[PDB]
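Same chain, two forms, each on its own as structure tokens: structure 1, then structure 2.
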Structure 1
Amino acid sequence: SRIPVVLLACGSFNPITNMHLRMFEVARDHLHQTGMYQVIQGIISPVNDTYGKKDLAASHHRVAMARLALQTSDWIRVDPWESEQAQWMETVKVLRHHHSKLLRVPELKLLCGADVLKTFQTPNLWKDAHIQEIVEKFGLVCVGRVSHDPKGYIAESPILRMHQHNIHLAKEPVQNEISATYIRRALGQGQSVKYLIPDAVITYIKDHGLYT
């Protein structure tokens, strides 16, 4: 029988885009392809407002847009927990929290784009103990992205290369490089982003005067 899996994507989602969404679909299809898993749920967890130097739209707006984006999904949902904490939280702690909730046992895996794996290499960015826990205790499903070589990142990381059974590389056969930064700039300039992000998200953005 197949192992039940829940995919957790942590990120800014400022705003959520069709690209972030496609990431779940490709990841799910990949895991199902292996024959060993049965993805049962997808979770979008927007980062807290105290994170980073960049000024994101308020967390309640990012959760609301993600929710609207997912109204048309029958397996992916947004979870505000992380954004509703008083402070930013390292991702491994978000995995721990969501794992606990699952026990109130499916496997919880972190879902991310290849650019994320590359940040594992950034000085003082991620704790090595955390990278190890993520791939050893939970699991990692990485979706390809132009200009990134996931296989190489894994091979060159002493930590990742020792936990490949728990790392799944899902290749993106389509060229999808739509930047959220670009989306925000286009909106600020009054230009269309239709067909780049869900219509409901576009409406919400207009209604609430976001990115202007």
Structure 2
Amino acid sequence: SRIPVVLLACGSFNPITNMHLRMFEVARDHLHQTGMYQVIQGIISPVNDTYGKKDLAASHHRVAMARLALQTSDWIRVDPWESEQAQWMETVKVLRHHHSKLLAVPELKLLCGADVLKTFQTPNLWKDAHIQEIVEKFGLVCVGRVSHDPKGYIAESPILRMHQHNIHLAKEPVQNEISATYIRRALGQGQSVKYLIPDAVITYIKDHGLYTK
């Protein structure tokens, strides 16, 4: 039979969008169609508030919006652990934590866009030891993005290439037109974002006056 799998998505989810959710569904259908995996759960892990140099709605609101957005999902849930930590954590550490939480144990894989795969190649960005542990001890399910050639990223990277069997490229459209950056700008100008992000998230944004300019 099949290897049980849990999908983990890291990011700011500022706010979570229809596209971020779409990614899980495409990743799950892809892993199932290989006939050797059974995705048993998805986890949305919003980044903690100390991260980056770009403003984010408070983690409290980002976790709430993800929870509201996931109410109609019977397999994806938001986990606030990462955002509740005192400080920002490297991706590999969130994976270790959730892996330990699962501990004939399911394989925990990082769900991301092909653009994340390109960042591995950025100098001073990732510790090679981290890139390796991620693709070797956990795995990557990358969903395509216009302008990116995941296959080329994999072939040109010695580490990815050696562990490419742990990198699953999901080939199926995934709403690459909506960026959360656009969603925030539209909200700031009083424009509608309905049908781009869940109705329940729009309601929370309105009720709590988020994303105002």
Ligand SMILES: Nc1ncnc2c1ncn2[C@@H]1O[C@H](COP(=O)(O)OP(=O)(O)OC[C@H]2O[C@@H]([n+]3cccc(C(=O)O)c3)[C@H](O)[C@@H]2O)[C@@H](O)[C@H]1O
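Only the largest set of C-alpha atoms that superpose within 1.5 Å between the two forms is called the rigid core. Just so we're on the same page, residue numbers count up from 1 along structure 1's sequence. Residues that one form lacks are left out of the comparison.
- Only structure 1 matches the form solved in complex with the named molecule.
- Shift analysis on the rigid core between the two structures singles out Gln175 from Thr181, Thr34, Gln175, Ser147 (C-alpha displacement of 2 Å or more).
- Superposed on the rigid core, the forms differ at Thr122: its CA is offset by 1.4 Å between the two structures.
- In sequence order, the one region between the two structures where at least three consecutive C-alphas each move 2 angstroms or more after rigid core superposition is 172-176.
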